[PDB]
A.B. asks: 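This structure is in structure tokens; I'll ask about it shortly.
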Amino acid sequence: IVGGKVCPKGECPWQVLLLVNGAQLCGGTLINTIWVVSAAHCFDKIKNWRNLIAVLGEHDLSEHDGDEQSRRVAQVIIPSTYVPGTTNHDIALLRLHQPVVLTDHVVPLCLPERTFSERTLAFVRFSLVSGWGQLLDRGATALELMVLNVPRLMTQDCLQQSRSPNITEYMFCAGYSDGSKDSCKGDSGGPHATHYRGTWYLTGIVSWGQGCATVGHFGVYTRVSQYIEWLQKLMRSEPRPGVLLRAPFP
Amino acid sequence: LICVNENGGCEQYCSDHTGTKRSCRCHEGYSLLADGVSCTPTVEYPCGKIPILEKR
Ligand SMILES: Nc1nccc2cc(NC(=O)NCc3ccccc3)ccc12
Ligand SMILES: [Ca+2]
Ligand SMILES: [Cl-]
Ligand SMILES: [Cl-]
């Protein structure tokens, strides 16, 4: 995250850190005790699928304070329409091997109904984006979880204001064109969270952009409203052998 | 009321029905109050709420 601030410990309780052999991979979002939503592109180059770990209740990566909970990732589910190395349909649903325990520091974000998300949430101007990604373009990643308030654009206005891949109906833009404030590579997969009447909801996934905080460009986020029904169906399904699952979309 | 305007007056989710009818609904971990619009937690850690801030 560029141009944000430290999320106070416990104020981003749905944030997930994904690790591969101990190393930072991506962020994600807890949406109930065993399911995490992340970006498909985070998994393009995975070697050993059996060393993927999700950590909840994380804040300062330099220390252990006892609020962290780690789980193995039992399943990574990606839509059939996702093509590795490209930007469209950038969403993954991850099943944890054992539930996390909800606590003051570990709470899921609400996965909204589609209609509510499209008719109401899509019109809330500002939303929060978070992660332990780069603090600057070409710079070091964060040791403490960072957060940034970013405004959403209608895609017509995004394209008019930008100066790439297409912005599809499965995406939306948010942020700033002056190069001051953005999510960044290492924030991939993390939440774009939207407040409405006292409750926060999952509306986007940190997906892609041009460099980070590049003048003339906005952040591009996966439009989670397009995937509610797909996610809900998968969350009712039985696990299948083998970590990676490609599931039909729609 | 209609769900596309002002969220049908609902705090959370909204369904249109046949007639000038509307039903509000709540996410798991919440229940709907007698006003027919408001949602109150039914569990300790409902989704989308931040405990340290709810405590204050
Ligand atoms: N908001 C933002 N502003 C600028 C740059 C960004 C780069 C981001 N991450 C990546 O681009 N990862 C690589 C990738 C590869 C294949 C497909 C998709 C992404 C994520 C978010 C960004
Ligand atoms: Ca820690
Ligand atoms: Cl496997
Ligand atoms: Cl409806």
Side-chain angles (χ1 to χ4, degrees), chain A residues 6-24 27-28 30 42-78 92-97 100-101 103-106 112-122 130-133 141-147 186 190 225 228-229 232 238-247, chain B residues 1-27 32 36-37 52:
Chain A
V6 175
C7 184
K9 182 179 154 66
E11 292 190 19
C12 290
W14 32 79
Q15 174 77 46
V16 185
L17 175 66
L18 297 179
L19 299 183
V20 56
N21 287 236
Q24 186 174 330
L30 191 74
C42 294
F43 306 91
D44 280 357
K45 310 169 205 168
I46 299 290
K47 24 171 156 150
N48 201 324
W49 292 87
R50 303 238 137 191
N51 301 157
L52 284 173
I53 288 295
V55 187
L56 273 294
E58 191 48 277
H59 181 246
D60 184 336
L61 304 179
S62 78
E63 62 168 22
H64 172 88
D65 69 11
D67 298 326
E68 311 91 341
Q69 304 181 37
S70 309
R71 301 290 185 270
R72 299 193 284 285
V73 173
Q75 199 109 78
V76 171
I77 313 176
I78 288 177
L93 178 61
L94 280 57
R95 189 196 305 256
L96 303 181
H97 87 278
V100 292
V101 174
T103 66
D104 282 8
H105 291 97
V106 174
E113 287 191 355
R114 183 185 55 77
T115 58
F116 174 64
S117 194
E118 297 180 352
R119 302 206 276 249
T120 303
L121 298 178
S130 43
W132 291 271
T141 57
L143 290 184
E144 287 184 287
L145 181 58
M146 308 297 294
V147 64
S225 60
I228 300 305
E229 318 89 278
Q232 289 177 340
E238 292 288 338
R240 279 184 86 87
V243 178
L244 175 63
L245 173 66
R246 287 178 67 251
Chain B
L1 304 172
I2 221 185
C3 302
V4 195
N5 309 137
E6 222 90 306
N7 204 46
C10 308
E11 186 175 323
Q12 300 187 355
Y13 311 139
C14 186
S15 286
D16 289 306
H17 295 281
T18 34
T20 82
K21 299 209 191 194
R22 171 277 267 154
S23 287
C24 299
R25 287 170 297 98
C26 305
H27 199 98
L32 190 76
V37 295
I52 64 177

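The basis for the numbers below is simple: all heavy atoms, side chains too, and nothing from hydrogens, waters or symmetry mates. Both counts, for ligands and for their atoms, begin at 1 and track the order of listing. Numbered from 1 within each chain, the chains take letters A, B, ... in sequence-line order.
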A.B. asks: Vertex the Ca ion (ligand 2): angle to OE1 of A/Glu58 and OE2 of A/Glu68, to 10°?
C.D. replies: 110°
A.B. asks: Residues in side chain to side chain donor-acceptor pair (under 3.5 Å) with A/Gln75, at least two apart?
C.D. replies: none
A.B. asks: When you measure from the side chain of A/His97 to the backbone N and O of A/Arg72, does any donor-acceptor pair fall under 3.5 Å?
C.D. replies: yes
A.B. asks: Counting backbone and side chain alike, does A/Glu63 bring an N/O/S atom below 3.0 Å of the Ca ion (ligand 2)?
C.D. replies: yes
A.B. asks: Got a donor-acceptor contact below 3.5 angstrom from the A/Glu68 side chain to the A/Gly66 backbone?
C.D. replies: yes
A.B. asks: Restricting to N/O/S atoms, is A/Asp60 within less than 3.0 Å of the Ca ion (ligand 2) or not?
C.D. replies: yes
A.B. asks: Quick one: side chains of residues 8-15 of chain B, donor-acceptor pairs under 3.5 Å with protein atoms, not counting sequence neighbours, listed by atom name and distance.
C.D. replies:
{"residue": "B/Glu11", "atom": "OE1", "partner": "B/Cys39", "partner atom": "N", "Å": "3.1"}
{"residue": "B/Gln12", "atom": "OE1", "partner": "B/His27", "partner atom": "N", "Å": "2.7"}
{"residue": "B/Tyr13", "atom": "OH", "partner": "B/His27", "partner atom": "ND1", "Å": "2.7"}
{"residue": "B/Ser15", "atom": "OG", "partner": "B/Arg25", "partner atom": "NE", "Å": "3.3"}
{"residue": "B/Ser15", "atom": "OG", "partner": "B/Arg25", "partner atom": "NH2", "Å": "3.1"}

